[PDB]
C-alpha cells in the first residue's frame, strides 16, 4: 500500500527463492518463460548469486556451461534445455548439431558467443569459499583442477580467433554476441545487412513480452535471423566467417570485459599455482586488450568507440559502452577524469529526470534514446553490477558503493526485472530474471 518495498532480509530471501525456482537441476534458466534455457553470461551471474547460497551448486552451474564448450574453445551463448520450446530461434533453427564440426557432443547449443564474465564468477566463488573453511575450499579448488584448462581454451579462442590481427579488440559477427541486442551501437552496421531468401519463421519472444515497445522490431529480427543463415552456409567455420559475414564489428565493451577477465584469471592462476605459461599468456592478453580499448577512445572525452570492420570506420554512439575504458583501466590520467565527468554528468547518471543515479543504456539526450525499448535507453541492473564491481577493483570505493546503493533501491520492489524505465522506475521486460536476483544477492552480502 503506502510502501511496496521489501526489507533487505526479505529481498535476499526472495532473490534466493527465485534462483532456486529457476533451477532445472544442473542448469538455471535465465528467465522462466522468455529465456527458458541457459544463457552464457547470465549463467556466470547465476553462479555469482549462488556462491553465497551453495558453493557446490555454484560450481555445478559453471561445470554445466563448460560441458557445452565447443572443441575450438568457444563458449556458445545458449545451452538449450532438453525438450523446451517457447524460445525462438531454437536448436533446429541454429542446426549446429548438424552443421558445426566443433559443436559439443551431447549438448544442443547456439553457434555464437557472448562476453567472458566467467572468470569474474570464478573469482567470487573462490572468495566465498575462502570464508567457509576447509571442506568448501576443497570443492572450489577441485573445480579449478577440473576446469582451468577449459577456461584457458575459452580465453585463448577469444584472443586467437576473434582477434585475428592482434588489434586487442574482439570482432563480433552478430549483435547478439554483444549481449546488447538492439543497442544503437549496431544500427549502422545492421543497416548494411540486406537479407536474401530468409526461411519462414515466427517470433516467440513477443508472445511472452507483448508490448511492442519493449522488444526489438520485426525488421530487426529479420536481420538477426539472416546472419544465422550466413553462418550456417559456412558450417560455423571460424576461417570462413571473415569471408562471408555481412556484420563484422569490433565490440569495445566486450573487449574491456575480456581484458578484466584475463587479469582476474591471471591472479587466480598465481594464487593456485597454475602453469606459468598460462599466467603469462593471460597477463599478455589483459594488456593487449586494455591497450586495444584505449586506442578507440576520444582523445578529449575518453569515450570508447566501436569499430565497423566492413565499413572500416569508427562507430560514434552515446551508449553506456562508451565507458568501457573505466572497466579495464589504461587511459591517461586527464582523459579518464574527463570520461568520469561524462559518466556523472547530465548526459548519463547526472540527467535530472532519472529516478535513480544509475547508468542508462543509452544517453537520454541522444537522438537514439527510447525510454522503454530494451538497450536503447532502459537501466539494466547487470550493468550496474558490472560497473560497481569493476569500479571497486579500480579503487573507487565510494563510486562503487553509490552504484550498489541505488541498484538495491531500484531492486527493492522485488520484480527482479532485467531492465527498468529510467524516468519512472517501471520494471520492464520479463520479471523473475535470474541475473538480477544474482546481482541483488551479491550486493546484499
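Rigid core: the largest C-alpha set superposing within 1.5 Å between the two forms. Residue numbers count along the first chain shown, from 1.
Exercise for the section: Name the stretch that deviates more in 4 other deposited structures of this protein: 225-233, or 212-220? Use RMS CA distance to the shown form, core superposed. Expected result: The stretch that sits farther from the shown form in 4 other deposited structures of this protein is 212-220.
Problem - Which of 362-370 and 321-329 has higher mean CA B factor, as the PDB entry lists it - result: Looking at the record's C-alpha B-factors, the answer is 362-370.
Handout entry: Selected stretch [higher average CA B-factor]: 426-434 or 7-15
Key = According to the PDB entry, the answer is 426-434.
Problem - Identity of residue with top Cα B-factor, from 284, 151, 126, 208 - result: Checking the PDB record, the top C-alpha B-factor among 284, 151, 126, 208 is at 208.
Handout entry: Residue, from 219, 175, 357, 302, that the PDB entry assigns the highest Cα B-factor
Key = If I rank 219, 175, 357, 302 by C-alpha B-factor, first place goes to 219.
Problem - Ranked against its chain, the third holding the CA B-factor of residue 296 - result: For residue 296, whose C-alpha B-factor we compare with every modelled residue in the chain, the answer is the middle third.
Handout entry: Relative C-alpha B-factor of residue 88, binned into the chain's lowest, middle or highest third
Key = It belongs to the highest third of the chain when residues are ordered by C-alpha B-factor.
Exercise for the section: Classify residue 62 as lowest, middle or highest third according to the C-alpha B-factor given in the PDB entry, relative to its own chain. Expected result: Its C-alpha B-factor belongs to the lowest third of this chain's values.
Problem - Third of chain Cα B-factors occupied by residue 250 - result: CA B-factor rank for residue 250: middle third.
Exercise for the section: Could you look up the Cα B-factor of residue 34 in the entry and say which third of the chain it sits in: lowest, middle or highest? Expected result: It belongs to the highest third of the chain when residues are ordered by C-alpha B-factor.
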